[PDB]
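Structure record follows, encoded as structure tokens.
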Protein chains: 2
Amino acid sequence: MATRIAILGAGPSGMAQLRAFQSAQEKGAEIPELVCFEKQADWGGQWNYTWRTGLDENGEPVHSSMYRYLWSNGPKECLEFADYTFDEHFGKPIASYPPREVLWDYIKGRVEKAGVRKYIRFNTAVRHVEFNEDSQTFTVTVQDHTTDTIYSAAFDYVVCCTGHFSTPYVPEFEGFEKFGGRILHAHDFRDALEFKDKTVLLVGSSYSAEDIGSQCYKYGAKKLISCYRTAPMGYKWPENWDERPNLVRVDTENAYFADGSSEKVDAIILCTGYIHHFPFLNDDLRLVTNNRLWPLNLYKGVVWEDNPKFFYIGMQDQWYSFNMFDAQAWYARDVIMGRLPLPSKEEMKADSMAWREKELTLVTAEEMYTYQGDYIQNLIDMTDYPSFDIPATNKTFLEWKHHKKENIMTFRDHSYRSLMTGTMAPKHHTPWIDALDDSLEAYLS
Amino acid sequence: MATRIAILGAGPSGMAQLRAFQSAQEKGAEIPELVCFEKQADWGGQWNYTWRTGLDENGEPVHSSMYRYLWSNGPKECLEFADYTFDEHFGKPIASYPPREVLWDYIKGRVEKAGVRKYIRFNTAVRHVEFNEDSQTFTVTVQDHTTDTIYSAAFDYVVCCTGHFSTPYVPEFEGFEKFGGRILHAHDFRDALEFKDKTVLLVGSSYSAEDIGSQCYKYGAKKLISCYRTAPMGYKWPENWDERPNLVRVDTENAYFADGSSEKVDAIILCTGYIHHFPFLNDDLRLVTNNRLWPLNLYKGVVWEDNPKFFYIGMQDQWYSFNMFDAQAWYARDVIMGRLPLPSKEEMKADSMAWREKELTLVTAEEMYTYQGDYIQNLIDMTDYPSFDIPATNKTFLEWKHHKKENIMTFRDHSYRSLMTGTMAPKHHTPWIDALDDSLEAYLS
Ligand SMILES: Cc1cc2nc3c(=O)[nH]c(=O)nc-3n(C[C@H](O)[C@H](O)[C@H](O)COP(=O)(O)OP(=O)(O)OC[C@H]3O[C@@H](n4cnc5c(N)ncnc54)[C@H](O)[C@@H]3O)c2cc1C
Ligand SMILES: Cc1cc2nc3c(=O)[nH]c(=O)nc-3n(C[C@H](O)[C@H](O)[C@H](O)COP(=O)(O)OP(=O)(O)OC[C@H]3O[C@@H](n4cnc5c(N)ncnc54)[C@H](O)[C@@H]3O)c2cc1C
Ligand SMILES: Nc1ncnc2c1ncn2[C@@H]1O[C@H](COP(=O)(O)OP(=O)(O)OC[C@H]2OC[C@H](O)[C@@H]2O)[C@@H](O)[C@H]1OP(=O)(O)O
Ligand SMILES: Nc1ncnc2c1ncn2[C@@H]1O[C@H](COP(=O)(O)OP(=O)(O)OC[C@H]2OC[C@H](O)[C@@H]2O)[C@@H](O)[C@H]1OP(=O)(O)O
């Protein structure tokens, strides 16, 4: 086919985008030339673990925010590919909340099967994307770190897949320049063992704080302190872990909270989340948003409204994840291919405004993942992407919510049914708190 | 003047470039318009300390490599402005090896005096510099993080001052993904107290290894271990500090050397240096070199030979430093202003080749700083920058060498005379090992 496409990033989303085109071709259609650029030496994005921190071996910002002993925080059943099942990949049932290495193996399995590795240029950082009015094409400039060469190439469309949980939001507190312990962001957190026998303040009250706390807890930290800005997380933590209102300052050794309280602290971890940052785009192409279920300026959450030859995959906040990226990649594919022509700019705006109105109505966690599910439904209904039971995927989310509330440290110890196959997942061979080994090999025997 | 100049960065180099222009104007010349861009909230470069690590508050790679308790490692007398003396800044003699905050105050003071702040756009990262063949102008694209806007602007010349000790060289050793302590690069080193009562592996044998060990030692580390790749540093270290051949792998808790030895380690600090990295340049403009006294492709060490309307300040390795940047900035100024016209491309090449042949001749630390002083001498002779006594600066380095050999932990306790004023620096009020407070106010009272 005539056109040429650039895919930025080879994590879940970039992988999904390649997989969609490969599926079209398998079903016998003529597809566009495809070039995918990836700065790391392998695919999988967040899921590709690294010991590195800050800046990688080439000087690019280190991308992955993942740590030793990370395991899935939601049911694997909620993120199964509708076109490549857990049954198929592993050839047997496994429990509901696999470690990192395990879900990494599984996402790679689909793209190894699909043969799409050949499209990817690894160890290549994307530096600039420019749209040229005269030719109606994009110029993509990249740095190949294998050859140490900077070069560019022209493309008829561009799909951005570079993630939005990699560039840290890192607020400052009074005294950080005097504190003698380590200060780091959740993004920098690697092995919980570095904190065995220590007192660790975790600043913030979301998924980052919840899990990094647990890992420090699980691996012997003397004591834990979470501070919240708005409201407490609210779970019943173990004995040596307590919650209090915000940090307000720190000194050579101590932390002070709005409590009036205060104590000795050895390390501070900022679990204050991330920013959407696209250093390779100018203001004509660059999405500016806070983290949320509905960023503005994206038709069907995917098409950039000022230049609809540019697409974004996976830039919403994530209740659903892998199968959301699929539904987005299938939709992007079909517009690029001519199968779903775009409406007028006014029409896109009116649609996008109606989704945002509904977003702002949203109050409870249940209302939120359901909304995201209605979004996914609408996308998969437009595409030969296989439909699956979204209302039951939400009930699975509901269950998970209850398990977390019942007991924060044992939610991972439960099991759920695949919406793709029907099978119930078997209980894991070891309780969470005792499963100290994070390796694939030990999870599967 | 008709022309417009961009200065990239506002550390010592950027500061020196502005100051050079300011000086000419003060003596009555018409000067170009100047725009200087700086990604941090304030000037000073390495010398502007931050507690931050990896990526700053805006997503930009954090720039400074400086830690708590850093002091000058060479005689202040070797880095004094020939146009702005230590007497004039501080109003009174002071010792020879000032703490960071103290040299920071001193470099700002020249530029506060000069009134050149008004030329700087702070909190602005340079993304891209392109040369347009049609206009013979550069387009500079930047991101203003105050307004969150990306915009560009056209310049007749560009002076790059973004440094080369900020992007870390970070080799991998077998086992790093399995070790449970902190691994970090010298660039990420902040407060030595994070390592009180610990055993610390320091990988490397140069200025970073020397001085980061010494701070870990001075603030109460249990034990130190340096490993070298080529040759030992060879200084007499305290009892709990020992040197040995290179690291070769690591496990859950331990380090293994070529010794065949091995022991328990809590943290690893890669003191392996830095890479010249310019993400905002294509290959037509982009210097590529290892760290050394004579990079190729720079006429007089400063004019980019493939496009001589683009200049680099201070990209050499640094024995001299602040007065080298001034000699360079003064030279750049004069070429930009038309005072010193350039020879042909062939003659630049022959001249640079002659400097590289001599660079290769160099064996002893003395031959090296003498070569850099021959370099600086040839630069300052071309310009109204005030000549100063290089032979005598060299002798002050020689004295410095011997004191470090004599005793690595007390070289900071000596004093030397100013080549600018003649005055002998008084002994400091506290010996190094005991002066635990790094503050300007404590150093000055
Ligand atoms: C700590 C953490 C834990 C998480 N846990 C879960 C979980 O348990 N379950 C779940 O469903 N989701 C989880 N997530 C959600 C995560 O966002 C998705 O799982 C998924 O990783 C996002 O896919 P992506 O491909 O869109 O982005 P990413 O996985 O972030 O991939 C981005 C890719 O783009 C590349 N890239 C970026 N910039 C450039 C550039 N300039 N040039 C070249 N390449 C570039 C990166 O190398 C990377 O390969 C977690 C996220 C984090 C941060
Ligand atoms: C740990 C350490 C200790 C040192 N100690 C000494 C010492 O004791 N004595 C001595 O003489 N020298 C020392 N040095 C040497 C040091 O390089 C020089 O003194 C001086 O800092 C070099 O000045 P510079 O302006 O050329 O570079 P820098 O000080 O590094 O300045 C670079 C500037 O450019 C900015 N910049 C970079 N990229 C961008 C961009 N994309 N957009 C906008 N701005 C950008 C940075 O913010 C920074 O302000 C030390 C260096 C290090 C790393
Ligand atoms: N200054 C300050 N003081 C105290 N607290 C602050 C401050 N600034 C932000 N925050 C809190 O940090 C948290 C950020 O949460 P989140 O965005 O989900 O980020 P996560 O890293 O937890 O990522 C979650 C997602 O990534 C992967 C995972 O699966 C989820 O999809 C949240 O509680 C914040 O606001 P608030 O006022 O605290 O409500
Ligand atoms: N793979 C590996 N294994 C072990 N050791 C390695 C390895 N790779 C490099 N190195 C050593 O790291 C050190 C880097 O030296 P330097 O360039 O002075 O960087 P610094 O940060 O010390 O220099 C700071 C400079 O900045 C400012 C200061 O004033 C100096 O001018 C040096 O000893 C290296 O070469 P070698 O083979 O080890 O000799």
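Quick note on labels: first sequence line is chain A, next is B, and so on, each numbered from 1. Note that ligands are numbered from 1 as they come in the structure, with each ligand's atoms numbered from 1 the same way. Only this structure's heavy atoms are used, side chains among them; waters, hydrogens and symmetry mates stay out.
Each of B/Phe411, B/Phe397, B/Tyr416, B/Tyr97 was compared with B/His403 under the ring pair (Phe, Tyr, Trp, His ring centres under 6.0 Å) criterion, and only B/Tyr416 meets it.
Note on B/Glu101 versus B/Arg68: no salt bridge recorded, every NZ/NE/NH1/NH2 to OD/OE distance being 4.0 Å or above.
In terms of N/O distances under 3.5 Å, ligand 2 is not approached by B/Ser65. Remark: ligand 2 and B/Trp71 share no N or O pair separated by less than 3.5 Å (distance only, no angle test). Any N or O atom pair closer than 3.5 Å counts here, and B/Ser166 shares no such pair with ligand 2. Remark: ligand 2 and B/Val126 share an N or O pair separated by less than 3.5 Å (distance only, no angle test).
Between the OG atom in B/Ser166 and the NE2 atom in B/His277 there is a gap of 10.5 Å [rounded to 0.5 Å].
Enumerated by chain and number, the residues approaching ligand 3 to less than 4.0 Å through a heavy atom are A/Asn73, A/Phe165, A/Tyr169, A/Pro171, A/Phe173, A/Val203, A/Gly204, A/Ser205, A/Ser206, A/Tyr207, A/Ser208, A/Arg229, A/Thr230, A/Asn246, A/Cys271, A/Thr272, A/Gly273, A/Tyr274, A/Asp317, A/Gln318.
Under the 30°/60° scheme for interplanar angles, the aromatic rings of A/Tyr371 and A/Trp294 are found to stand perpendicular.
Taking the six-membered ring for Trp, A/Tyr369 and A/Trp400 have ring centres at least 6.0 Å apart.
Counting protein heavy atoms only, atom 29 (O) of ligand 2 is closest to B/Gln46 N, 2.9 Å.
With sequence neighbours left out, A/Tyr228 forms a ring-ring contact (aromatic ring centres under 6.0 Å, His included) with no residue at all.
Near B/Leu79, meaning under 4.0 Å from one of its heavy atoms, ligand 2 places the atoms 11 (O).
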